[PDB]
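Right, one structure below, let's go through it.
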Amino acid sequence: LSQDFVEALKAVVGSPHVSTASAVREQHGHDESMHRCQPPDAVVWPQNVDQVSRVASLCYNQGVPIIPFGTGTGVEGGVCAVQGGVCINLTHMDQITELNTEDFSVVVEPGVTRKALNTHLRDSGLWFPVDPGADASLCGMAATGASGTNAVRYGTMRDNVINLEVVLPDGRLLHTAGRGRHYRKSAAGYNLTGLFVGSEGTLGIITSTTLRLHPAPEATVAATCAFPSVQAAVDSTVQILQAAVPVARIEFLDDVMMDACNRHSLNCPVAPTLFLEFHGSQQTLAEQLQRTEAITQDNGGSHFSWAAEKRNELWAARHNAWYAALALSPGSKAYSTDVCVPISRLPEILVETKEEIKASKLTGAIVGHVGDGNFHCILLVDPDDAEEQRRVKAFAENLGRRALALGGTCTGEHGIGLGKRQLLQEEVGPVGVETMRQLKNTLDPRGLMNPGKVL
Ligand SMILES: Cc1cc2nc3c(=O)[nH]c(=O)nc-3n(C[C@H](O)[C@H](O)[C@H](O)COP(=O)(O)OP(=O)(O)OC[C@H]3O[C@@H](n4cnc5c(N)ncnc54)[C@H](O)[C@@H]3O)c2cc1C
Ligand SMILES: CC(C)C(=O)C(=O)O
Ligand SMILES: [Mn+2]
């Protein structure tokens with residue numbers, strides 16, 4: 001970047017909020033994935049939406065790529081500056097506004113995390129349910145289309161994003177559903193909000209998200225259930241879903257994952273395990289518990305090991321499964337798969353994935369949101385063993401392709417980033433790809449909005 005351009009950036013956001021220092025750029029050139037760090041040419045922290053617009057306009061008209069950056073917890077290299085450019089760290093815009101408890105809605109800026117929002121909402125009787133394991137920006141969660149353990153009951157970001165404020169690549173300000181609007185449903189025009197959820201910073205910069213809030217559950221009960229086999233745990237999961245038990249959380253861990261979590265946090269039996277949580281009244285909980293225990297017993301599940309103090313450490317361990325897996329081989333990095341299949345095909349593909357991990361030399365732990373037909377294989381890689389990273393690539397792709405063969409998707413929540421671009425082309429085919437590209441081209445004609453990602 002030229003010095004004239006850097007001074008132009010400083011004129012918008014202020015000297016302290018522009019950095020070309022190598023260390024600062026390197027810290028903003030990677031996320032939590034194994035994708036190689038690719039430092040931006042500068043990092044910029046805009047202080048308000050007017051500054052975001054003016055930084056975007058400056059970059060766009062100068063031919064400088066723009067990389068939106070939230071909390072950097074992505075796992076597909078979304079923030080990697082594969083063509084250099086300006087990294088826009090959005091987290092100094094950190095205010096919660098328009099809290100409408102009577103309407104179950106709130107507006108958050110990119111610096112607001114889920115933990116910050118729910119702390120703000122303590123004693124309101126309301127909460128925000130979508131719970132990635134990481135302390136992630138809620139606008140980043142909108143950008144990636146995130147879900148979490150609670151999604152099986154309370155929905156994904158796509159279900160819970162009501163409106164988005166977006167700075168388009170050339171600086172124009174769009175409110176996808178209209179400025180200040182919030183409602184339960186609409187047929188007015190084309191739904192622009194859903195286009196920008198899961199766009200990963202390639203269609204514009206999300207500067208606020210309007211979120212659906214939910215009432216806190218009347219009562220909660222959590223438990224773990226150990227099984228003799230992966231087959232038994234996943235069969236139980238499918239049968240719980242087909243019996244329409246409204247479980248709040250149903251999380252799978254294989255024996256490797258359970259052992260890793262034990263060592264990193266817990267003392268559960270080392271076995272394929274379900275972490276379960278139920279919401280309702282006492283009578284409603286007792287009914288759900290009886291029907292769920294009946295199904296798990298049919299498949300050899302243990303009596304439920306019951307679990308606020310215990311409950312929080314249970315889900316804290318689950319939320320840290322990524323780091324528990326990494327701790328199995330200190331110094332390694334990791335790649336997560338994220339396929340999601342029709343639920344009736346979930347037993348085949350998890351059992352097959354377990355057998356393929358056993359039969360390979362790779363270290364993999366299995367965990368995830370099986371209530372959605374979704375799961376993660378966390379594959380460890382030595383950053384210096386290029387042959388191991390080739391085998392982890394080949395394994396991840398082969399699993400992705402098996403998911404596509406079963407009518408599923410290559411990613412349930414993490415997104416495409418740099419890692420799944422070929423799988424996406426296979427998933428939606430030539431007309432799907434061209435349509436997606438035409439949408440990208442109308443919003444970002446010069447191709448400067450986070451280039452090299454998704455498409
Ligand atoms: C331990 C751990 C557990 C995780 N668990 C989950 C999980 O359960 N579910 C899940 O879905 N993900 C999970 N993730 C992945 C990650 O937390 C989510 O993808 C999260 O939504 C990323 O948000 P971020 O702001 O940190 O993203 P970043 O890494 O900052 O960015 C991600 C992508 O979105 C773009 N982007 C970010 N902010 C904006 C914005 N405001 N406007 C436009 N584009 C933007 C970036 O350019 C990039 O392409 C986990 C990650 C870790 C490390
Ligand atoms: C494995 C990580 C990336 C995750 O998404 C989760 O904890 O569910
Ligand atoms: Mn997940």
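FYI, nothing fancy with the structure tokens labels: chains A, B, ... in order, residues from 1 per chain, ligands from 1 as they appear.
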Might you pull out every residue within 10 Å of residue 398 in chain A, with only C-alpha atoms counted and same-chain residues fewer than 6 positions away left off, and present them as a PDB file with C-alpha atoms, in the first residue's frame?
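What landed in result-v2.pdb:
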ATOM      1  CA  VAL A 392      -6.046 -34.755   6.047  1.00  0.00           C
ATOM      2  CA  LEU A 404     -22.942 -35.125  -1.068  1.00  0.00           C
ATOM      3  CA  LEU A 423     -17.017 -29.292  -2.807  1.00  0.00           C
TER       4      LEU A 423
END
Per-residue nearest contacts chain A to ligand 3, cut-off 8 Å, using only C-alpha atoms and all ligand atoms, as a Markdown table:
| residue | atom | partner | partner_atom_place_in_ligand_line | distance |
| --- | --- | --- | --- | --- |
| A:132 | CA | ligand 3 | 1 (Mn) | 6.1 |
| A:133 | CA | ligand 3 | 1 (Mn) | 7.0 |
| A:147 | CA | ligand 3 | 1 (Mn) | 6.7 |
| A:148 | CA | ligand 3 | 1 (Mn) | 5.2 |
| A:149 | CA | ligand 3 | 1 (Mn) | 7.1 |
| A:338 | CA | ligand 3 | 1 (Mn) | 7.7 |
| A:368 | CA | ligand 3 | 1 (Mn) | 5.7 |
| A:369 | CA | ligand 3 | 1 (Mn) | 6.5 |
| A:375 | CA | ligand 3 | 1 (Mn) | 7.4 |
| A:376 | CA | ligand 3 | 1 (Mn) | 6.9 |
| A:413 | CA | ligand 3 | 1 (Mn) | 7.0 |
| A:414 | CA | ligand 3 | 1 (Mn) | 7.4 |
Just to be explicit: take each residue in the selection above, keep N, CA, C and O atoms, and write the result as a short mmCIF file (atom, residue, chain, number, x, y, z; two decimals), in the first residue's frame.
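What landed in out-v8.cif:
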data_model
loop_
_atom_site.label_atom_id
_atom_site.label_comp_id
_atom_site.auth_asym_id
_atom_site.auth_seq_id
_atom_site.Cartn_x
_atom_site.Cartn_y
_atom_site.Cartn_z
N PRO A 132 -22.07 -21.06 19.26
CA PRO A 132 -20.76 -21.60 18.89
C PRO A 132 -19.88 -21.73 20.13
O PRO A 132 -20.04 -20.99 21.10
N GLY A 133 -18.96 -22.68 20.09
CA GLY A 133 -18.08 -22.88 21.22
C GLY A 133 -17.18 -21.69 21.49
O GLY A 133 -16.78 -21.45 22.64
N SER A 147 -24.26 -22.07 13.61
CA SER A 147 -25.25 -22.68 14.49
C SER A 147 -24.56 -23.07 15.80
O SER A 147 -23.59 -22.41 16.20
N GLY A 148 -25.04 -24.11 16.47
CA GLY A 148 -24.45 -24.50 17.73
C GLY A 148 -25.27 -25.60 18.37
O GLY A 148 -26.18 -26.15 17.75
N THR A 149 -24.94 -25.90 19.64
CA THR A 149 -25.62 -27.01 20.31
C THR A 149 -27.11 -26.75 20.49
O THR A 149 -27.91 -27.69 20.48
N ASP A 338 -17.57 -30.83 8.56
CA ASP A 338 -18.81 -30.19 9.00
C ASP A 338 -19.98 -30.61 8.12
O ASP A 338 -20.90 -29.82 7.87
N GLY A 368 -20.39 -33.40 17.63
CA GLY A 368 -21.18 -32.32 17.05
C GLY A 368 -22.68 -32.54 17.13
O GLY A 368 -23.19 -33.36 17.89
N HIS A 369 -23.35 -31.75 16.28
CA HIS A 369 -24.76 -31.42 16.41
C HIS A 369 -25.61 -32.44 15.66
O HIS A 369 -26.24 -32.16 14.64
N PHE A 375 -22.18 -33.19 11.97
CA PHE A 375 -21.12 -33.56 12.91
C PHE A 375 -19.78 -33.04 12.40
O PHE A 375 -19.63 -32.69 11.22
N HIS A 376 -18.81 -32.99 13.31
CA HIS A 376 -17.45 -32.56 13.02
C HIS A 376 -16.49 -33.72 13.22
O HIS A 376 -16.54 -34.39 14.26
N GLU A 413 -22.57 -25.38 9.05
CA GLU A 413 -22.50 -24.12 9.79
C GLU A 413 -21.19 -23.35 9.62
O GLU A 413 -21.19 -22.12 9.69
N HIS A 414 -20.06 -24.04 9.42
CA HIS A 414 -18.77 -23.36 9.40
C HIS A 414 -18.56 -22.50 8.16
O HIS A 414 -17.84 -21.49 8.23
#
For the interface of chain A with ligand 2 (cut-off 10 Å, counting only C-alpha atoms and all ligand atoms), please tabulate each contacting residue of chain A alongside its nearest pair of atoms and their separation in Å to one decimal, rows sorted by chain and increasing number, as a tab-separated table.
residue	atom	partner	partner_atom_place_in_ligand_line	distance
A:32	CA	ligand 2	3 (C)	8.7
A:33	CA	ligand 2	3 (C)	8.8
A:73	CA	ligand 2	3 (C)	8.8
A:74	CA	ligand 2	3 (C)	8.0
A:75	CA	ligand 2	3 (C)	6.5
A:76	CA	ligand 2	3 (C)	9.7
A:131	CA	ligand 2	8 (O)	8.8
A:132	CA	ligand 2	6 (C)	6.3
A:133	CA	ligand 2	7 (O)	4.8
A:134	CA	ligand 2	7 (O)	7.6
A:146	CA	ligand 2	5 (O)	8.8
A:147	CA	ligand 2	5 (O)	8.3
A:148	CA	ligand 2	8 (O)	6.2
A:149	CA	ligand 2	8 (O)	7.1
A:251	CA	ligand 2	8 (O)	8.8
A:252	CA	ligand 2	8 (O)	9.9
A:317	CA	ligand 2	7 (O)	9.6
A:318	CA	ligand 2	7 (O)	6.7
A:319	CA	ligand 2	7 (O)	5.1
A:320	CA	ligand 2	7 (O)	6.4
A:321	CA	ligand 2	7 (O)	5.7
A:322	CA	ligand 2	1 (C)	4.7
A:323	CA	ligand 2	1 (C)	8.5
A:324	CA	ligand 2	1 (C)	9.8
A:325	CA	ligand 2	1 (C)	8.8
A:334	CA	ligand 2	3 (C)	9.2
A:335	CA	ligand 2	3 (C)	8.3
A:336	CA	ligand 2	3 (C)	6.0
A:337	CA	ligand 2	1 (C)	8.2
A:338	CA	ligand 2	5 (O)	7.8
A:365	CA	ligand 2	1 (C)	9.2
A:366	CA	ligand 2	1 (C)	8.6
A:367	CA	ligand 2	8 (O)	6.9
A:368	CA	ligand 2	8 (O)	5.2
A:369	CA	ligand 2	8 (O)	6.9
A:374	CA	ligand 2	8 (O)	9.6
A:375	CA	ligand 2	8 (O)	7.8
A:376	CA	ligand 2	1 (C)	5.9
A:377	CA	ligand 2	1 (C)	7.6
A:378	CA	ligand 2	1 (C)	6.3
A:379	CA	ligand 2	1 (C)	9.8
A:412	CA	ligand 2	5 (O)	9.7
A:413	CA	ligand 2	5 (O)	7.8
A:414	CA	ligand 2	5 (O)	6.9
Surrounding residues of residue 164 in chain A excluding itself and chain neighbours under 5 positions, 7 Å, only C-alpha atoms, as number ranges by chain: A: 175-176, 193, 206, 208-210
Export C-alpha atoms of the chosen residues as a PDB file, in the first residue's frame?
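Okay, this is what ended up in selection03.pdb:
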ATOM      1  CA  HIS A 175     -30.634  -2.345   5.693  1.00  0.00           C
ATOM      2  CA  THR A 176     -31.642  -5.690   4.238  1.00  0.00           C
ATOM      3  CA  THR A 193     -31.553 -10.723   4.765  1.00  0.00           C
ATOM      4  CA  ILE A 206     -22.259  -6.463   8.360  1.00  0.00           C
ATOM      5  CA  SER A 208     -25.257  -4.521  12.792  1.00  0.00           C
ATOM      6  CA  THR A 209     -27.475  -7.567  13.212  1.00  0.00           C
ATOM      7  CA  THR A 210     -31.075  -7.617  14.441  1.00  0.00           C
TER       8      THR A 210
END
Quick one: residues within 7 Å of residue 54 in chain A, only C-alpha atoms counted, chain neighbours fewer than 3 positions away excluded, as JSON, numbers by chain? {"A": [12, 50, 51, 57, 58, 171]}
Please return as a VMD selection string: the residues of range 17-265 of chain A that backbone DSSP assigns to helix (DSSP H, G or I). chain A and resid 17 22 to 27 49 to 61 101 to 103 114 to 120 138 to 144 151 to 154 157 to 160 192 to 196 230 to 242 255 to 264
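Counting only C-alpha atoms and all ligand atoms, the residue from A:262, A:202, A:224, A:20 that sits nearest to ligand 1 is A:202.
Considering the residues A:82, A:455, A:100, A:340 and counting only C-alpha atoms, residue 399 in chain A has its shortest atom-to-atom contact with A:340.
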Polymer residues at most 12 Å from residue 286 in chain A, only C-alpha atoms, same-chain spacing of 5 or more positions, as a list in words: residues 219, 220, 221, 245, 278, 279, 280, 281, 291, 292 and 293 of chain A
Selection file, N, CA and C atoms, as a compact mmCIF listing (two decimals), in the first residue's frame:
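And here is the file that came out, out22.txt:
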# COMPACT_ATOMS: atom_id res chain seq x y z
N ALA A 219 -37.54 -24.56 33.27
CA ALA A 219 -36.64 -25.42 34.01
C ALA A 219 -35.73 -26.14 33.03
N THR A 220 -34.56 -26.53 33.51
CA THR A 220 -33.56 -27.18 32.68
C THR A 220 -33.02 -28.42 33.38
N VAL A 221 -32.80 -29.48 32.60
CA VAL A 221 -32.11 -30.67 33.07
C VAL A 221 -31.14 -31.11 31.99
N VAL A 245 -39.27 -35.77 20.10
CA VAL A 245 -38.94 -35.25 21.42
C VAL A 245 -38.26 -33.90 21.24
N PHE A 278 -32.69 -30.73 28.34
CA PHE A 278 -34.13 -30.64 28.17
C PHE A 278 -34.61 -29.35 28.81
N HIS A 279 -35.56 -28.69 28.15
CA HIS A 279 -36.19 -27.47 28.64
C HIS A 279 -37.69 -27.67 28.78
N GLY A 280 -38.27 -27.10 29.82
CA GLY A 280 -39.71 -27.13 30.00
C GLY A 280 -40.08 -26.92 31.46
N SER A 281 -41.35 -27.20 31.76
CA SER A 281 -41.79 -27.31 33.14
C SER A 281 -41.38 -28.68 33.69
N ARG A 291 -39.53 -40.53 27.78
CA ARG A 291 -39.53 -40.98 26.39
C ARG A 291 -38.11 -41.07 25.83
N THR A 292 -37.22 -40.17 26.26
CA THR A 292 -35.84 -40.22 25.77
C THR A 292 -35.05 -41.35 26.42
N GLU A 293 -35.26 -41.59 27.72
CA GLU A 293 -34.57 -42.71 28.35
C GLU A 293 -35.01 -44.04 27.77
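Nearest residue to residue 231 in chain A, choosing from A:257, A:116, A:350, A:56 and counting only C-alpha atoms: A:350.
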List every residue of range 54-273 of chain A that DSSP, applied to the backbone of this structure, places in strand (DSSP E), and write the result as a ChimeraX atom specification. /A:66-69,86-89,96-100,105-108,126-127,161-167,173-175,205-212,214-215,219-226,249-253,273
Could those residues be written to a file, using C-alpha atoms, as a tab-separated table (two decimals), in the first residue's frame?
chain	number	residue	atom	x	y	z
A	66	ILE	CA	-11.26	-5.65	1.76
A	67	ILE	CA	-11.25	-8.39	4.40
A	68	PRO	CA	-13.91	-8.07	7.14
A	69	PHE	CA	-12.62	-9.31	10.48
A	86	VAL	CA	-7.04	-3.95	4.06
A	87	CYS	CA	-8.28	-6.00	7.02
A	88	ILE	CA	-11.23	-4.18	8.62
A	89	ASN	CA	-11.42	-5.15	12.30
A	96	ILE	CA	-26.11	-3.16	21.97
A	97	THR	CA	-29.07	-1.03	20.88
A	98	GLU	CA	-32.80	-1.18	20.21
A	99	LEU	CA	-33.36	-3.79	22.91
A	100	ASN	CA	-37.06	-4.61	22.50
A	105	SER	CA	-35.55	-8.50	19.52
A	106	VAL	CA	-32.26	-6.64	19.83
A	107	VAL	CA	-29.67	-4.97	17.57
A	108	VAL	CA	-25.94	-5.64	18.08
A	126	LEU	CA	-34.64	-13.51	27.62
A	127	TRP	CA	-31.52	-14.98	26.05
A	161	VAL	CA	-31.42	-13.07	12.10
A	162	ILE	CA	-34.32	-10.66	11.47
A	163	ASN	CA	-32.47	-7.78	9.76
A	164	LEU	CA	-28.92	-6.82	8.83
A	165	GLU	CA	-27.14	-3.50	8.38
A	166	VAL	CA	-24.63	-3.98	5.56
A	167	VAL	CA	-22.01	-1.66	4.11
A	173	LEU	CA	-25.47	1.43	3.30
A	174	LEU	CA	-28.14	-1.29	3.03
A	175	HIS	CA	-30.63	-2.35	5.69
A	205	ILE	CA	-19.67	-5.72	5.67
A	206	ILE	CA	-22.26	-6.46	8.36
A	207	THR	CA	-22.23	-3.49	10.74
A	208	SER	CA	-25.26	-4.52	12.79
A	209	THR	CA	-27.48	-7.57	13.21
A	210	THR	CA	-31.07	-7.62	14.44
A	211	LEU	CA	-31.50	-10.83	16.44
A	212	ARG	CA	-34.48	-12.84	17.63
A	214	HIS	CA	-36.02	-16.29	23.18
A	215	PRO	CA	-37.59	-16.74	26.62
A	219	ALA	CA	-36.64	-25.42	34.01
A	220	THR	CA	-33.56	-27.18	32.68
A	221	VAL	CA	-32.11	-30.67	33.07
A	222	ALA	CA	-28.86	-31.86	31.48
A	223	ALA	CA	-27.39	-35.35	31.36
A	224	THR	CA	-24.88	-37.63	29.70
A	225	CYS	CA	-25.55	-41.12	28.34
A	226	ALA	CA	-22.80	-43.59	27.46
A	249	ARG	CA	-29.45	-30.08	23.04
A	250	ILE	CA	-28.29	-33.44	21.71
A	251	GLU	CA	-24.52	-33.58	21.21
A	252	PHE	CA	-22.44	-36.58	20.17
A	253	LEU	CA	-18.88	-37.34	21.28
A	273	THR	CA	-21.58	-40.44	24.53
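As for CA of residue 327 in chain A and CA of residue 393 in chain A, they are spaced 20.7 Å apart.
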For range 342-346 of chain A, list every protein, DNA or RNA residue within 10 Å, evaluated using only C-alpha atoms, and leave out those in the same chain fewer than 3 positions away; present the list as a PyMOL selection string. chain A and resi 231+234-235+237-239+241-242+339+349-352+370-375+403+406-409
Sorted per-residue table, range 30-137 of chain A near range 429-447 of chain A, closest atoms and distance, 9 Å, only C-alpha atoms, as a tab-separated table:
residue	atom	partner	partner_atom	distance
A:60	CA	A:446	CA	7.6
A:61	CA	A:446	CA	8.9
A:63	CA	A:446	CA	7.6
A:65	CA	A:447	CA	8.0
